[PDB]
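One chain is shown next in structure tokens, namely the form deposited in one PDB entry.
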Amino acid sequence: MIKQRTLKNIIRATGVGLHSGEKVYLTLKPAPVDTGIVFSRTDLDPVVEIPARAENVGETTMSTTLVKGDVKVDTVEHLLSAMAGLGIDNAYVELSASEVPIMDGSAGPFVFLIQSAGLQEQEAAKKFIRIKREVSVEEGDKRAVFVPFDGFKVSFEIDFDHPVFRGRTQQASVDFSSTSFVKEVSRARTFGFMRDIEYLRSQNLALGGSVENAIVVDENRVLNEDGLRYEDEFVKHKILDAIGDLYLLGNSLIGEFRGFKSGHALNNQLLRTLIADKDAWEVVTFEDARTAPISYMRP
């Protein structure tokens, strides 16, 4: 059978919150079967546990934030993207502060730390959410859609009227049958525009931000000196963001996501509509790895 996965070993990282600018210790630990991903604020008494689930999403301005009460865990999307892309079902994520560290602004540091520790298959059937019926949400020109698909595929289109964007670099489609999360998406860094970042800075937002954890784009160029990791890094990053947000379902998806200028807010509205639409999805398991439409790397 395809088995639930957790970590083989504890993983530890240090960094800074992109938005808060606070130093944060992150500790990933193994977790039992059917736990899901569960964030823990270890700086609080008592320690507050927030499942990484759609129902615990609060704020979706410039990040995906989980909330229990007024306890926040901010910027969960890049770490959850890493978790989803390596097929982790169960894990405790301990934070010493309200935000997940930004690291290099990608999921690469997280994928590397997790794969360093190794994955452990557990003696329970991995449960997948299969999309049975198309579900789409829209708000103005933004759109996000789940479509039935025998596999896991993510397509994303951005529309910036800007010298850096103008080309085929504005749409990408990744079929995880064909194409490695780790090699093609995981290293895609977050990005912002100089005028929007100056606005945020004026509001004492973006306190952890720099060219070391973000692609900074002005009116005409990428400001970062050392270049892009990918010709289409920007759209790849939005794909990374979508994978992380989608993982708030709590299970790997057998289905296709298509995003047009979608972000955390619309992704969350998509999850909420999917969840509500019980005819559009079913939970499945695979007795036999060989008949599954998804293959995950060896643990």
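Think of the rigid core as the biggest set of C-alphas that the two forms share within 1.5 Å after superposition. Numbering starts at 1 and follows the sequence shown. Residues that one form lacks are left out of the comparison.
Same protein, other form: the form deposited in another entry, not shown, and the subject of what follows.
Enquirer: Which residue, chosen from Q122, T169, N90, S98, moves its CA by 2 Å or more between this form and the one not shown under a rigid core superposition?
Expert: The only residue crossing the 2 Å threshold is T169.
Enquirer: Rigid core fitted, is the C-alpha displacement of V145 between this form and the one not shown 2 Å or more?
Expert: For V145, whose C-alpha is compared between this form and the one not shown after core superposition, the shift is less than 2 Å.
Enquirer: Establish whether a shift of 2 Å or more occurs at the C-alpha of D196 between this form and the one not shown, with the two forms superposed on the rigid core.
Expert: It does not reach a 2 Å shift.
Enquirer: Mind checking the CA-CA distance of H264 and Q203 in the other form? It differs by 3 Å or more from this form, so is it closer or farther?
Expert: Residues converge in the other form, at least 3 Å closer.
Enquirer: I want to verify one pair: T65 and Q203. Are their C-alpha atoms nearer or more distant in the other form compared with the form I supplied, knowing the change is 3 Å or more?
Expert: Residues converge in the other form, at least 3 Å closer.
Enquirer: I need the moving stretches between this form and the one not shown: superpose on the rigid core, then report runs of 3+ consecutive residues where each CA shifts by 2 Å or more, in sequence order.
Expert: Runs moving 2 Å or more: 161-164, 166-169, 197-199, 201-205.
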